[PDB]
Amino acid sequence: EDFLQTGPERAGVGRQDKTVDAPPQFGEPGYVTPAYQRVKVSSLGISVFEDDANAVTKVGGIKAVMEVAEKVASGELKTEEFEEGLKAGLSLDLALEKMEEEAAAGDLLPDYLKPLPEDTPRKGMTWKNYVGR
């Protein structure tokens with residue numbers, strides 16, 4: 001045949017034939033920056049110090065910081081009430097729902113303001129004719 005194909009094939013490197021894409025690092029321009037290293041670390045729940053109820057080790061380690069940081073950089077989470085439930089020892093899968101459902105939904109009206117069926121007068125009962133007090 002003809003010339004060498006794949007030089008290191010009888011040596012330590014495998015193939016050296018075909019070019020491939022490289023996973024880009026933090027500085028080089030193809031990087032999608034993950035949210036666990038660009039967000040302000042105070043705006044996470046987890047605090048970096050080792051012994052607060054919201055330390056990295058007391059929550060689920062390195063993995064827990066990543067899944068919280070997408071909830072922060074997307075805007076899905078609010079940093080104030082999430083940290084508050086985390087200080088009481090609420091584990092993360094049930095800590096994040098507690099802060100989420102507080103300002104999620106409500107009507108908030110007290111019972112004395114919402115109307116009653118006795119508020120409108122009936123069909124043939126009232127003696128009035130002059131609507132008003």
# chains A, B, ... in the order shown; residues from 1 in each chain; ligands from 1
>>> select_by_dssp(residues="segment 14-132 of chain A", states="alpha helix (DSSP H)", output="ChimeraX atom specification")
/A:61-73,79-87,92-100
>>> atom_distance(atom1="atom CA of residue 7 of chain A", atom2="atom CA of residue 21 of chain A")
20.3 Å
>>> residues_around(residues="segment 54-63 of chain A", least_positions_apart="2", cutoff="9 Å", atoms="only C-alpha atoms", output="NGL selection string")
:A and (45-52 or 65-68 or 83 or 86-87 or 89 or 91-92)
>>> write_last_selection(atoms="N, CA, C and O atoms", output="mmCIF file, in the first residue's frame")
data_model
loop_
_atom_site.group_PDB
_atom_site.id
_atom_site.type_symbol
_atom_site.label_atom_id
_atom_site.label_comp_id
_atom_site.auth_asym_id
_atom_site.auth_seq_id
_atom_site.Cartn_x
_atom_site.Cartn_y
_atom_site.Cartn_z
ATOM 1 N N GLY A 45 -28.271 29.338 49.412
ATOM 2 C CA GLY A 45 -28.694 29.050 50.768
ATOM 3 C C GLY A 45 -27.536 28.633 51.653
ATOM 4 O O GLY A 45 -27.617 28.704 52.880
ATOM 5 N N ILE A 46 -26.839 27.711 51.063
ATOM 6 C CA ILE A 46 -25.743 27.047 51.747
ATOM 7 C C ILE A 46 -24.803 28.124 52.171
ATOM 8 O O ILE A 46 -24.635 28.966 51.443
ATOM 9 N N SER A 47 -24.242 28.072 53.346
ATOM 10 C CA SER A 47 -23.240 29.097 53.631
ATOM 11 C C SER A 47 -21.948 28.387 53.590
ATOM 12 O O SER A 47 -21.909 27.494 54.310
ATOM 13 N N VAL A 48 -20.887 29.079 53.294
ATOM 14 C CA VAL A 48 -19.690 28.273 53.124
ATOM 15 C C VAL A 48 -19.106 27.873 54.435
ATOM 16 O O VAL A 48 -18.504 26.934 54.389
ATOM 17 N N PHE A 49 -19.396 28.489 55.549
ATOM 18 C CA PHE A 49 -18.701 28.131 56.790
ATOM 19 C C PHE A 49 -19.103 26.825 57.303
ATOM 20 O O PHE A 49 -20.186 26.555 57.397
ATOM 21 N N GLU A 50 -18.199 26.237 57.979
ATOM 22 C CA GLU A 50 -18.423 24.824 58.276
ATOM 23 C C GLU A 50 -19.463 24.545 59.281
ATOM 24 O O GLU A 50 -19.799 23.453 59.297
ATOM 25 N N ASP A 51 -19.819 25.452 60.143
ATOM 26 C CA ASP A 51 -20.816 25.001 61.126
ATOM 27 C C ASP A 51 -21.809 26.061 61.442
ATOM 28 O O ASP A 51 -21.736 26.717 62.358
ATOM 29 N N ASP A 52 -22.697 26.143 60.530
ATOM 30 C CA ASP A 52 -23.972 26.830 60.582
ATOM 31 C C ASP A 52 -24.961 25.735 60.194
ATOM 32 O O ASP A 52 -24.582 24.738 59.595
ATOM 33 N N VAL A 65 -25.092 22.041 46.068
ATOM 34 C CA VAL A 65 -24.841 23.432 45.709
ATOM 35 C C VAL A 65 -25.131 23.658 44.232
ATOM 36 O O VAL A 65 -25.612 24.727 43.834
ATOM 37 N N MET A 66 -24.903 22.638 43.407
ATOM 38 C CA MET A 66 -25.153 22.777 41.979
ATOM 39 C C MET A 66 -26.643 22.885 41.682
ATOM 40 O O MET A 66 -27.066 23.790 40.957
ATOM 41 N N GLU A 67 -27.458 22.015 42.280
ATOM 42 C CA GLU A 67 -28.880 21.993 41.953
ATOM 43 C C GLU A 67 -29.624 23.168 42.573
ATOM 44 O O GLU A 67 -30.737 23.498 42.151
ATOM 45 N N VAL A 68 -29.038 23.806 43.584
ATOM 46 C CA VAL A 68 -29.656 25.011 44.119
ATOM 47 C C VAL A 68 -29.317 26.204 43.241
ATOM 48 O O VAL A 68 -30.151 27.092 43.032
ATOM 49 N N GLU A 83 -33.258 30.230 52.912
ATOM 50 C CA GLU A 83 -32.237 30.062 53.935
ATOM 51 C C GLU A 83 -32.871 29.902 55.308
ATOM 52 O O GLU A 83 -32.338 29.189 56.164
ATOM 53 N N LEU A 86 -33.930 26.486 55.891
ATOM 54 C CA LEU A 86 -32.758 25.622 55.918
ATOM 55 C C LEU A 86 -32.087 25.651 57.283
ATOM 56 O O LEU A 86 -31.432 24.682 57.680
ATOM 57 N N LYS A 87 -32.251 26.749 58.021
ATOM 58 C CA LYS A 87 -31.645 26.846 59.343
ATOM 59 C C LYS A 87 -32.366 25.978 60.365
ATOM 60 O O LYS A 87 -31.778 25.607 61.386
ATOM 61 N N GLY A 89 -33.252 22.964 59.835
ATOM 62 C CA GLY A 89 -32.981 21.578 59.543
ATOM 63 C C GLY A 89 -33.887 20.955 58.511
ATOM 64 O O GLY A 89 -33.943 19.723 58.428
ATOM 65 N N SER A 91 -34.519 19.459 55.210
ATOM 66 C CA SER A 91 -33.700 18.917 54.135
ATOM 67 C C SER A 91 -34.168 19.472 52.800
ATOM 68 O O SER A 91 -35.337 19.830 52.640
ATOM 69 N N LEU A 92 -33.242 19.500 51.830
ATOM 70 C CA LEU A 92 -33.366 20.378 50.665
ATOM 71 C C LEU A 92 -34.552 20.017 49.784
ATOM 72 O O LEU A 92 -35.217 20.915 49.258
#
>>> residues_around(residues="residue 96 of chain A", least_positions_apart="2", cutoff="10 Å", atoms="only C-alpha atoms", output="PyMOL selection string")
chain A and resi 68+71+77-78+81-83+85-86+90-94+98-101
>>> closest_residue(among="A:69, A:80, A:116, A:20", to="residue 33 of chain A", atoms="only C-alpha atoms")
A:69
>>> closest_residue(among="A:18, A:38, A:10, A:114", to="residue 70 of chain A", atoms="only C-alpha atoms")
A:38
>>> closest_residue(among="A:104, A:110, A:36, A:123", to="residue 74 of chain A", atoms="only C-alpha atoms")
A:36
>>> closest_residue(among="A:32, A:64, A:131, A:88", to="residue 44 of chain A", atoms="only C-alpha atoms")
A:64
>>> decode(residues="segment 47-91 of chain A", atoms="N, CA and C atoms", output="CSV table (one decimal), in the first residue's frame")
chain,number,residue,atom,x,y,z
A,47,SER,N,-24.2,28.1,53.3
A,47,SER,CA,-23.2,29.1,53.6
A,47,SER,C,-21.9,28.4,53.6
A,48,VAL,N,-20.9,29.1,53.3
A,48,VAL,CA,-19.7,28.3,53.1
A,48,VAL,C,-19.1,27.9,54.4
A,49,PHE,N,-19.4,28.5,55.5
A,49,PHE,CA,-18.7,28.1,56.8
A,49,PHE,C,-19.1,26.8,57.3
A,50,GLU,N,-18.2,26.2,58.0
A,50,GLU,CA,-18.4,24.8,58.3
A,50,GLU,C,-19.5,24.5,59.3
A,51,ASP,N,-19.8,25.5,60.1
A,51,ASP,CA,-20.8,25.0,61.1
A,51,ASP,C,-21.8,26.1,61.4
A,52,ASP,N,-22.7,26.1,60.5
A,52,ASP,CA,-24.0,26.8,60.6
A,52,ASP,C,-25.0,25.7,60.2
A,53,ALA,N,-26.2,25.9,60.5
A,53,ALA,CA,-27.1,24.8,60.1
A,53,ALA,C,-27.2,24.8,58.5
A,54,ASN,N,-26.5,25.7,57.8
A,54,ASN,CA,-26.7,25.6,56.4
A,54,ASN,C,-25.3,25.5,55.8
A,55,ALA,N,-24.5,24.6,56.3
A,55,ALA,CA,-23.1,24.4,55.8
A,55,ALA,C,-23.2,23.5,54.6
A,56,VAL,N,-22.1,23.4,53.8
A,56,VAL,CA,-22.0,22.6,52.6
A,56,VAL,C,-22.1,21.1,53.0
A,57,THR,N,-21.5,20.7,54.1
A,57,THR,CA,-21.5,19.3,54.5
A,57,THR,C,-22.8,18.9,55.2
A,58,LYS,N,-23.6,19.8,55.8
A,58,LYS,CA,-24.8,19.4,56.4
A,58,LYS,C,-26.0,19.2,55.4
A,59,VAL,N,-25.9,20.0,54.4
A,59,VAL,CA,-26.7,19.8,53.2
A,59,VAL,C,-25.9,18.8,52.3
A,60,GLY,N,-26.5,18.3,51.2
A,60,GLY,CA,-25.9,17.2,50.5
A,60,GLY,C,-24.6,17.6,49.6
A,61,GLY,N,-23.6,18.2,50.2
A,61,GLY,CA,-22.3,18.3,49.7
A,61,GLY,C,-22.2,19.2,48.5
A,62,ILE,N,-21.2,18.8,47.6
A,62,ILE,CA,-21.0,19.5,46.4
A,62,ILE,C,-22.2,19.4,45.4
A,63,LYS,N,-22.9,18.3,45.4
A,63,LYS,CA,-24.0,18.1,44.5
A,63,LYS,C,-25.2,19.0,44.8
A,64,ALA,N,-25.4,19.3,46.1
A,64,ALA,CA,-26.5,20.1,46.5
A,64,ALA,C,-26.3,21.6,46.1
A,65,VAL,N,-25.1,22.0,46.1
A,65,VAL,CA,-24.8,23.4,45.7
A,65,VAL,C,-25.1,23.7,44.2
A,66,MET,N,-24.9,22.6,43.4
A,66,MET,CA,-25.2,22.8,42.0
A,66,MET,C,-26.6,22.9,41.7
A,67,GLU,N,-27.5,22.0,42.3
A,67,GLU,CA,-28.9,22.0,42.0
A,67,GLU,C,-29.6,23.2,42.6
A,68,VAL,N,-29.0,23.8,43.6
A,68,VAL,CA,-29.7,25.0,44.1
A,68,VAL,C,-29.3,26.2,43.2
A,69,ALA,N,-28.1,26.2,42.6
A,69,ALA,CA,-27.7,27.4,41.9
A,69,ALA,C,-28.4,27.6,40.6
A,70,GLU,N,-28.9,26.5,40.0
A,70,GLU,CA,-29.7,26.7,38.8
A,70,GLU,C,-31.1,27.3,39.3
A,71,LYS,N,-31.5,27.0,40.5
A,71,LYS,CA,-32.8,27.6,41.0
A,71,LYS,C,-32.6,29.0,41.3
A,72,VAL,N,-31.4,29.5,41.5
A,72,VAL,CA,-31.1,30.9,41.9
A,72,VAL,C,-30.9,31.7,40.6
A,73,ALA,N,-30.0,31.2,39.7
A,73,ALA,CA,-29.7,32.0,38.6
A,73,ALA,C,-30.8,32.1,37.6
A,74,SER,N,-31.7,31.1,37.6
A,74,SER,CA,-32.9,31.2,36.7
A,74,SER,C,-33.9,32.2,37.3
A,75,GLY,N,-33.8,32.5,38.6
A,75,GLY,CA,-34.8,33.3,39.4
A,75,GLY,C,-35.9,32.4,40.0
A,76,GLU,N,-35.7,31.1,40.0
A,76,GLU,CA,-36.8,30.3,40.5
A,76,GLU,C,-36.9,30.4,42.0
A,77,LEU,N,-35.8,30.7,42.7
A,77,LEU,CA,-35.7,30.7,44.1
A,77,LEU,C,-35.4,32.1,44.6
A,78,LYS,N,-35.8,32.3,45.8
A,78,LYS,CA,-35.6,33.6,46.5
A,78,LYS,C,-34.7,33.3,47.7
A,79,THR,N,-33.7,34.1,48.0
A,79,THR,CA,-32.6,33.7,48.9
A,79,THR,C,-32.9,33.8,50.3
A,80,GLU,N,-34.0,34.6,50.6
A,80,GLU,CA,-34.2,34.9,52.0
A,80,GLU,C,-35.0,33.9,52.8
A,81,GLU,N,-36.1,33.4,52.2
A,81,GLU,CA,-37.0,32.5,52.9
A,81,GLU,C,-36.5,31.0,52.7
A,82,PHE,N,-35.7,30.8,51.7
A,82,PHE,CA,-35.1,29.5,51.5
A,82,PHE,C,-34.0,29.2,52.6
A,83,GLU,N,-33.3,30.2,52.9
A,83,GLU,CA,-32.2,30.1,53.9
A,83,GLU,C,-32.9,29.9,55.3
A,84,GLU,N,-34.0,30.6,55.5
A,84,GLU,CA,-34.7,30.5,56.8
A,84,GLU,C,-35.2,29.1,57.2
A,85,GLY,N,-35.8,28.5,56.2
A,85,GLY,CA,-36.2,27.1,56.5
A,85,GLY,C,-35.0,26.1,56.5
A,86,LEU,N,-33.9,26.5,55.9
A,86,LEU,CA,-32.8,25.6,55.9
A,86,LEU,C,-32.1,25.7,57.3
A,87,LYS,N,-32.3,26.7,58.0
A,87,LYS,CA,-31.6,26.8,59.3
A,87,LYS,C,-32.4,26.0,60.4
A,88,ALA,N,-33.6,25.6,60.1
A,88,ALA,CA,-34.4,24.8,61.0
A,88,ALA,C,-34.2,23.3,60.7
A,89,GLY,N,-33.3,23.0,59.8
A,89,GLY,CA,-33.0,21.6,59.5
A,89,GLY,C,-33.9,21.0,58.5
A,90,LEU,N,-34.6,21.8,57.7
A,90,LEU,CA,-35.4,21.2,56.6
A,90,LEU,C,-34.5,20.7,55.5
A,91,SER,N,-34.5,19.5,55.2
A,91,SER,CA,-33.7,18.9,54.1
A,91,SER,C,-34.2,19.5,52.8
